[PDB]
Each structure stands twice: as C-alpha cells, then as structure tokens.
Amino acid sequence: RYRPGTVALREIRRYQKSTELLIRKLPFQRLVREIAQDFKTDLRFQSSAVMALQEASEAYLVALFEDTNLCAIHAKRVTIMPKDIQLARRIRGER
Amino acid sequence: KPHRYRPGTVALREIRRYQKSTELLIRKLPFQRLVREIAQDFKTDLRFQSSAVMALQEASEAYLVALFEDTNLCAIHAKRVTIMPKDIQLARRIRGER
Amino acid sequence: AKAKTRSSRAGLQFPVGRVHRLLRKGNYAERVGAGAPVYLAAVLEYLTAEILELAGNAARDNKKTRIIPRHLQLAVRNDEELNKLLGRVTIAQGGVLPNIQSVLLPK
Amino acid sequence: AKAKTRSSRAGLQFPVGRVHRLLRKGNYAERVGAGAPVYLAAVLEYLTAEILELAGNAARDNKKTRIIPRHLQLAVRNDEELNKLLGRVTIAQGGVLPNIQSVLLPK
Amino acid sequence: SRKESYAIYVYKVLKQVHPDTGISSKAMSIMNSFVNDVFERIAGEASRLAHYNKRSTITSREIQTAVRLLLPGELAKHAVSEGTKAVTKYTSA
Amino acid sequence: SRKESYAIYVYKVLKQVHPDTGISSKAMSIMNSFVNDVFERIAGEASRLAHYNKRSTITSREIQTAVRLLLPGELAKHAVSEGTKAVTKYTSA
Amino acid sequence: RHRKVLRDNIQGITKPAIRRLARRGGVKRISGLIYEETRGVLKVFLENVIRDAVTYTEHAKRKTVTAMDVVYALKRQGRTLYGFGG
Amino acid sequence: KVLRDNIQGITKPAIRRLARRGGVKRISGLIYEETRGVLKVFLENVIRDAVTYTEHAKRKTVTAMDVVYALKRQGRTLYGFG
Amino acid sequence: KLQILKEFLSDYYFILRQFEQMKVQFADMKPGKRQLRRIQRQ
DNA sequence: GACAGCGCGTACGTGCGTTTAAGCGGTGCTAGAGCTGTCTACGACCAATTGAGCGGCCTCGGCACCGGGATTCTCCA
DNA sequence: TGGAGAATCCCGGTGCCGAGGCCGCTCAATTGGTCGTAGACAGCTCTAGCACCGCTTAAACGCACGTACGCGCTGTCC
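Caption draft 1: The protein's contact with DNA strand K, seen in detail. For DNA strand K, the set of nearby residues contains 37 residues, the closest of which are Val-78 and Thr-79 of chain A, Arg-9 of chain C, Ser-56 of chain E together with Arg-20 of chain G. For DNA strand K, the fraction of atoms within 4 Å of the protein that belong to sugar or phosphate moieties is 100%. One of the backbone N or O atoms of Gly-17 of chain C is found 3.5 Å from a phosphate oxygen in DNA strand K. In this structure, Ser-56 of chain E approaches DNA strand K through a side-chain N or O atom, which is 2.8 Å from a phosphate oxygen. In terms of residue class, the surface near DNA strand K is made up of eight nonpolar, eleven polar and 18 charged.

Shown next, in the form of structure tokens:
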C-alpha cells in the first residue's frame, strides 16, 4: 500500500499533463436541459453548444480550485473547506 | 495615574470616524508632486488640470480602500487581527492583476 | 398645426428628439426605428426615478434638504440590484457604508 | 490593367482589401483612412508570427509536427505579455500549465 | 459655447418623486455621468445585437432584449413594463 | 455558403516561420477567433478615439495610438516599428 | 411530443469527477463539505449564462440554441473562448 | 528642474488613516512600503495611458477627461467629472 | 610614441563606439530576444 | 497578539471487489436549420418654423459652524 | 459591580454664497413632405435535433480502516 498523498501527486501530474474533458457528457446534457427548463419550454440544442458549455464550466471551476487552494495554503492548511471558496468568490466579487 | 485607553479601542474610534466621514485622507501637494514625478517619465514639460489631480486622487484612495478591505478579509480568514503584506499580495493574486 | 413633443406624446420627461439625435450621431447602426428612443428614454426615467427616490429617502434620513453625493453612495450601495449594476463604479466623495466585521469588535 | 494587391504593395500577407471592406462595414466611423488597413494587417501579422512561432516551438518540444490546441495554451500561458493580453481568455481543450506549489511536495 | 446635459430633466423628475428636496451640483454631475454611461452601455450592446442578426436598423425589440441582458430580474420586469406602456402611449397617440 | 475565414493567410505565415509544421483544424479556427477578437478590440478603441477628439475618419495616427494603449510595452514597440515600416513601404510604392 | 421535467441531475455530478476536477487544480486534500458547495456554485454559473443564452435564442425568434449564442453570452461576461466560430 | 522621491510624501499617519477608513484595526510595520509600491504601480499605469490620450490629442496639458477615460477603461469608472 | 598612440586610438575607436551604441541599444535590461525577432521577422 | 509546540482524536485517503450506467454505434424520424422570391411601408433626407434649452444674472436660504451645556463609552474598581 | 474622565452630542444662534429661480434669444426639435429599400414573411426545402435500442465496458459505488490532519490551547516574547 502507498502512503496517502503520493497517489494524489500521481493524478495531479496525470491530469495536468492531460487535457481531455473530465465530465460525463450525458449527465451534463441532462443537467443543462433541466436548467433551461426554467426559462422557456421545449428548447432544442446544438451538441457542440453543449460541449462548449461544458468546457466553459470546467474552466471556471478549475480557476476556482486554484484560487481556493491559494486561500487554503495561506491558512497553512492542505485540506479545502467551503470557507476558502466563499472568501475567494467574495474577493473576486461574486459574493 | 494617567488615564490611557486599551490598545485597539481607539482604533475603533477612528474607524467609525472615517467610516462616517467622506473626505480625503491624503495631503494635496505631496500627492500632486508624486503625480508630477511619475508623469515626468513619459513626456517632458506637461501641464496639469487641478481637477485632473483630484480625479487622480479619488481613483487612488477608492482603489486602495477596496484593497485593504479585501486584505482584512484575508487576515480574518487567516485567524489574525494584524495585517501583514502577504495578505495584500495574496489578495492581489486573487483578483488577477498578475 | 401646433407641434407636440414626442416625449409629451408618451407623457415623458426625457427628450425623445435629443436622444434620437444622439443615437443617429453615435454611429451605432445604419438605421433607427421610431419607437426605440422612446423605449430607451422610458427605461431611463424609470431607473432615474428609482435612484432619486432612494437618495431622497437617504437625505431625509439625515435631516437635510439637498441631495449630495454621499447620499447617492449610501443609497446605491444599500441596494442589492443597483449596486450590482454599479458594482464596477466608484463615486466621487462617496465614502463607504460603515460596516465593522464581528470579530473586529472587542469581546 | 494588371492589378497589384495593396498587400503586395506592402509586401504584406493579409488581404488589405478584405480588411478595408470589413472596416467600412463595421460601423466604427463613416470614413476610413488609407494607411489604417495597412498598419492594421501589419500589426495583425506581427502578432500572428509572435504567437505561431512559440506554438511551433512547443510542437517541436513535444516531438510533434502538427500544432494542437494544447500547444496554444502552453505558449500563451508561458508568456508574460501575451498572457496579460489574454488573461481573460479561455481556450477549449487547453488544459493548464503543470505547476505545483512547493508546499505540497513531499519531504 | 454651449454645454448640453440632462440636469433639467433630473430636477423635474426629482420634483416628481420628492417635491421637497434639493440637490448638490456635484451629485448632479454624478447623475449626468450616470445617464451618459447607461445610455452608452445599453446602446452599444444593442448595436452588437443588431450585428449578430445582420440587421441594419434599430428597433425596440433588441432594446427590450438588451435591457433584459443588462438589467437583472425585477429591475428588468419593471423597466420593460414602463417601456411597454410608454411605446404604447406614443403609438396609440 | 461562401463562409469566409483567414485560414490560408495563417497557413502562409505558418510556412514563413516553421515551413515544415502542421496544425490542428480546431486550432486553426482558434486562430481565426483570435485574429477576430484582436480586430474588434482594437477597432472599438479606435472608433472611441475618433468620437473622442471630434474627428470623423480613422487614420494611421489613431490606429497607432490604439496599439499603444492596448499593447503592453515591448509588444507595442515592435508592432509600431513594423507598422511604420509597412505604411512607409505602401506609400513609397 | 415528449416533454418531461427533469429532477436532480446535479447529483449526476459524480464524486470522482469532482475529485478529478480538483486534481487538475492540483488540490491535495479535500473536505466532504466541498462537494455540495461545488454543485451549488456551479449551478449558479450555469443559469447565469444560460439565461442570456436563451435571450439570444429568443431575439433571433429562434427555437434552437446556437453555439454563437453561448459565445456572445460568455463574451458579455468577459469569459472569452476561442474555437467555435464567432 | 528635476523632481524626486515624493513617494515618501505619503506619510504613515495618512496610510493608517486609509487603513482605518477601511476598517482595519492592527497594522504591520512593513505595510507602508508595500502600499507605496502598489500605489506606484497603479498611478503609473493610469498616468501612462492618460498621457497617451493627451499626446494623440496634440495638447500639452493633461485634462480630467483623459484621466477619467483611463480609469474607466481600467474598470473603475469615476462619476462626477463630465 | 605619438604615431604609436594614434595607432592605439584608431584600434580602440572601433570597440569604443561599439560600446557607445550598445548602451544606446541596450541601456535597459530588456528581453532582447524579441529584438532579435525584429530582424528574423524582416 | 503572533507564533510555535505538542498531543490527540477524527474525518479524511487508499484499495477493492461489485454493480451499473454511461457510452456506442445502429436505427428511425420529424421538426425546424437553412434557405429564396417578392412586395410594400417606414425611415432617410430634406425643407418651413419655432420653442425650449442654455447661458447669464440676482437673491435669499439651507447649512456649516461655534461653543456651551447636555449626554454617553471606557476603564479600572 | 460603581464612579471618574474623556468623548460625544445637540441645539440655537451666527455668517454666507450656492442652489434656485428667471429671462432674453437663438438653434435643434418638430413637421410635411418625398423615395427606395430593408425587412417582413410565407413558402420551400431540408437539416439537424431528437427518440429509441441492446449491450458492453469502463467507471462509479459501497465500505472498511487507518492514518495522518485538523484543532485546541498556552506560554512567551516582541
């Protein structure tokens, strides 16, 4: 058995050197249709539109992980808690 | 026994004084002089509207204010009450000015 | 015949002709339809009215009669909607909303 | 009689006529200067070179001969001035620069 | 020469809401700038909209959409409301 | 339709720097987008400038200055040098 | 003519994918409290865009969402993307 | 004639005045220089492009319109100055 | 000796003016890589 | 108040079989993506008039101020 | 826990020029024309968006457990 954390660096490097999408596509499309339900009914979708939607989502959230990680490491920690995200989005001005 | 307030309550006094106040916190002429010094670099022998000098300042202090308030957010989340430059720089990191 | 201002024709206060000229002279698009300046000015006045009501309330809250920039600041930053609309905006001499975080108070 | 393109007149690689047309159709001003499209395509090609050269550098560095978006991201982020120009820019399938904060390294 | 601004309309409408209130001139400039800005932002947005649909003419349709874009929620519903009645007023006139 | 893009130009200059190098199609479209955004930002700033000084026509001075105001330091230095060269070459020939 | 109403695909946001997301962020150690937080904030961003997406769709009189719709929305919010036209 | 070194004209009491108006209670001694440098940066950017407007305007006097245009382009639109 | 030093000074002149222009070119610590891309671009 | 020391107890990371549901073509299938003639109606442009806006000029009225009692935070007790 | 001292607070006079009206006067807003084109629009076509089907496999799940991280507090010193 490995010591916990070296594995983490393993996936860190795997996914930092990789570029392919990280989300199952069907759940994404389903969620999108859910969300769109709220503004107008019966709306048809470009697949590529969905794809870019996804892409944008991960870009947003990934920068979110970055600045949250900075917040946490400033707190001399390594484990992330919602405190950090809330402060981060507040500073960026989303809250 | 001379009467002295405890360290920090005074700070709250000025904080309230300035949070209710609305005016400049900066001296005029040193500020104009810094303006002139920096602007020296790009072109020589420039003239200045005083109104421009003002606009410069208000922009400055407002920007600064946002900076420090975020800095305090940093410090408080960081479980302290004294501000330290690492907070300043980290906030500046967050907002994304390089 | 006697000429009636388009703003009067809508029961408006902002000048439809002035705005329409502004649009024409702005080179935003090659043609302009009739109702657009009207629609725009109406939205304008609604927004202005909202702001003005809030600021007059503020000035009343301080027993003054002349609206000042400070009341503008106090009101607008006290509005959720307006301030998000004006979140990237600084106001001259505006000041801030007095706000002390909890942990900063002595205990 | 025999036409000679304005780009060739500048020894230029983008079409000046195309860009001039787009400028005129783009509703920026009613009238257009002549050397403006010239200077325009010039700086365009400049930036084009600046970016593609790094992209090819990266493609060589990873032993490939066709440049892929990954290279685009790598090159854009590993520049200071370009990245500041494109700090608000997201590239599809671009990933990020592999970079690890020192604190989490094992020791 | 002359220097055009909005202030008189501002004062009219202010009387229309608080008939009992004065105003600073600096605050007056604040509001002048305000109208300037909002006009510009919304107008440019609508102009883009027109380009996106290859249209060469300004209507109120894009304006409605554009306000929906820049103002959020109740702001938008209100604004579209008064605009709807106002254009109704001019046209029905 | 006769959908237009700049791809061929990119291809040529690509051969100009790295004459032996391929490229993604998706990345090619990315290049299209990039050149686009460059166009619009700089164009819009320039048109702002034209309104600003109350002039009605876009010349080289405006475009150059815009290049200054958008580009950071050295990039602008290089581009302005090149633009001077290029406009010189056109006018001279 | 099948028009059903969805429910809880936000829990279609699998735990492993979220962790993978954090790992592309270089994140080392993680709370369980993070995950629902992420679902919510993600949601927020999702509507914030999709709303104006539909706005574009409708002002085109149109019934189908185009990519350029998303493009224009994200550009409004300054979230510039390359690679899809526009 | 030359000018220099008025960045020290930004005194510590002014600095802590700003900090107080920001609602801060306790301050490191290292803060002041940090602040001065950051301010240096801000002011440099803004003056730079403001000047840029000035010269293309072919004037020799910085105007408040050039200043407002610069910080509005930055993202801090200042009202109250036409 | 006068002729000798005249020789010396002619010999120096090259490198001396070379510095005289190097400073003008490269007074500032600058990423001259782009400056060489100026030439390679032309 | 910041900072570090240390111990401790818990919530978190790694294996690990075990489902399971996303994916993947393969197949229908209809709805709206994508067009093209065609014909007005509405703004673009221009031409008589004019009224409202803007600027100059009084004028008085909120309002900052002053200072003196009058009324509360603070800090040991 | 109660008072002493400091800090605020408030209010009624006390100055004072900035809103606040106000008014000649000139130009942009309004008005009635023409005119040609843009855009409305239905049709026509037709494209892509959707629904559906086994079925396999890769990826998510359950859970234990153990393991190291978070966290508390406290003297101490600057």
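Still more ground to cover, so stick around.
Caption draft 2: Region of the structure containing the nonpolar core. Ranked by internal contacts, the top residues of the largest apolar core, which has 54 residues, are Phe-14 and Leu-72 of chain C together with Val-67 of chain E. Taken together, the elements giving at least two residues each to this core come down to α2 (16-25), α3 (35-61) and β3 (89-91) of chain C, α1 (7-17), α2 (25-52), α3 (60-70) and α4 (74-92) of chain E together with α3 (67-76) of chain G. No other element matches α3 of chain C, which puts 13 residues into this core. Setting aside its immediate chain neighbours within four residues, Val-67 of chain E contacts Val-43 of chain C together with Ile-42, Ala-76 and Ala-79 of chain E. Membership of the second largest hydrophobic core comes to 49 residues, among which are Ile-51, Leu-82, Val-89 and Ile-91 of chain D.

Caption draft 3: Broad picture of the interface of chain B and chain H. On the chain H side, the residues contacting the 49 residues of chain B number 44 residues. Summing the contributions of chain B and of chain H, the shared interface buries around 4500 Å²; its carbon and sulfur component is 74%. For the pair chain B and chain H, the interface holds one salt bridge. One salt bridge in this structure joins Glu-23 of chain B and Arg-21 of chain H, with 3.8 Å as the shortest N-O distance. Across the contact surface, chain B and chain H share 15 residue pairs in polar contact. Among the secondary structure elements, those contributing two or more residues to the side of chain B that touches chain H are α1 (9-20), α2 (28-40), β1 (47-48), α3 (50-77), β2 (82-83) and α4 (85-95) of chain B.

Caption draft 4: Up close: the interface of chain C and chain D. The interface of chain C with chain D comprises four residues on the first partner and four residues on the second. Across the interface of chain C and chain D, roughly 220 Å² is buried in total on both sides, 23% from carbon and sulfur atoms. On inspection of chain C and its partner chain D, the count reaches zero salt bridges. Between the two partners, chain C and chain D, sit zero residue pairs in polar contact. Here the side of chain C that touches chain D is composed, by residue class, of two nonpolar, one polar and one charged.

Caption draft 5: Here's a closer look at helix α3 (residues 47-74) of chain A. Its 28 residues give α3 of chain A an end-to-end C-alpha distance of 41 Å, which sits within 8% of 40 Å, the value for a rise of 1.5 Å per residue. Looking one or two places after α3 of chain A, you find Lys-76 of chain A, whose phi comes out positive at around 60°.

Caption draft 6: Geometry of the protein's contact with DNA strand J. Not every one of the 44 residues close to DNA strand J is listed here, only the nearest: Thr-82 of chain B, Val-32 and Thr-65 of chain C together with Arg-62 and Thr-64 of chain G. At 3.0 Å from a phosphate oxygen of DNA strand J is found a side-chain nitrogen or oxygen belonging to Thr-9 of chain B. A distance of 3.3 Å is found between a phosphate oxygen of DNA strand J and a side-chain nitrogen or oxygen belonging to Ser-1 of chain F. Residue assignment for the surface near DNA strand J shows that the elements contributing at least two residues are α1 (6-17) and α2 (25-36) of chain A, β1 (31-32) of chain C, α1 of chain E together with β1 (29-30) of chain G. Considering every element that reaches the surface near DNA strand J, the biggest residue donor is α2 of chain A, with three residues. Across the surface near DNA strand J, the residue classes break down as twelve nonpolar, twelve polar and 20 charged.

Caption draft 7: Inspection of the pattern of salt bridges at higher detail. Counted according to the given criterion, the structure contains 30 salt bridges over all chains. Between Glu-4 of chain E and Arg-18 of chain C there is a salt bridge, and its shortest N-O distance comes to 3.4 Å. Placement of the pair is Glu-4 of chain E in the segment before α1 and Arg-18 of chain C in helix α2, with the two residues belonging to separate chains. You can call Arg-18 of chain C buried: its relative accessible area is 14%.

Caption draft 8: View of the environment of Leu-22 of chain C. Residue and element names in this part refer to chain C. If you trace the backbone, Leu-22 turns up in helix α2. A residue is classified by how much of its surface remains accessible, and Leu-22, at 29% relative accessible area, is partly exposed. Sequence separation of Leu-22 and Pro-37 is 15 residues, and the distance between their C-alpha atoms is 9.4 Å.

Caption draft 9: Just the relation of the copies chain C and chain D, in detail. Expressed as a screw transformation, the operator carrying chain C onto chain D has a rotation angle of 180° and an axial translation of 0.0 Å, and the superposed copies differ by an RMSD of 0.4 Å. Expressed as a symmetry operation, the mapping of one chain copy onto the other fits a two-fold axis. Rotation axis and chain C: the residue whose C-alpha lies nearest the axis is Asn-27 of chain C, separated from it by 3.2 Å. The fraction of interface residues of chain C whose copies in chain D are also interface residues reaches 100%, indicating that both copies meet through the same surface.

Caption draft 10: Main features of the packing of aromatic side chains. Within the structure shown, the criterion is met by 13 aromatic pairs over all chains. Here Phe-14 of chain D and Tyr-9 of chain F contribute two aromatic rings whose centre-to-centre distance is 6.1 Å and whose plane-to-plane angle is 65°, an arrangement assigned as edge-to-face. Note that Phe-14 of chain D is positioned in the loop between α1 (6-9) and α2 (16-25) and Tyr-9 of chain F in helix α1 (residues 7-17), a pairing that runs across two chains. In this structure, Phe-14 of chain D and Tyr-9 of chain F share a single accessibility class: buried. Ring geometry for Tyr-52 of chain E against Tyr-72 of chain G: centres 3.3 Å apart, planes inclined by 5°, an arrangement best described as stacked. Pair noted here: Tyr-52 of chain E is in helix α2 and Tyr-72 of chain G is in helix α3, and the two residues belong to different chains. For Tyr-72 of chain G, a relative accessible area of 15% puts it in the buried group.

Parameters at a glance
Residues numbered from 1 in each chain as written, not as in the entry; some residues may be left out. Chains lettered and ligands numbered in written order. Part of a larger assembly, values for the part shown. Heavy atoms only, no water. Residues with missing side-chain atoms left out of burial classes, pairs and counts. Near = heavy atom within 4 Å. Polar contact = N/O pair within 3.5 Å; in protein donor to acceptor, adjacent residues only side chain to side chain. Nonpolar A, V, L, I, M, F, W, Y, C, P; charged D, E, K, R; others polar. Core = buried A, V, L, I, M, F, W, Y, C linked by side-chain atoms within 4.5 Å. Buried < 20%, exposed > 50% of the residue type's maximum accessible area, 1.4 Å probe, protein only. Helix = DSSP H or I, 4+ residues; strand = E, 2+ residues; numbered from the N terminus. Contact = heavy atoms within 4.5 Å. Buried area = accessible area lost by both parts, 1.4 Å probe. Salt bridge = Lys/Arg side-chain N within 4 Å of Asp/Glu carboxyl O. Expected span 1.5 Å × (residues − 1). Least-squares fit on C-alpha atoms. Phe/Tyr/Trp six-rings, centres within 6.5 Å; stacked < 30°, edge-to-face > 60°.

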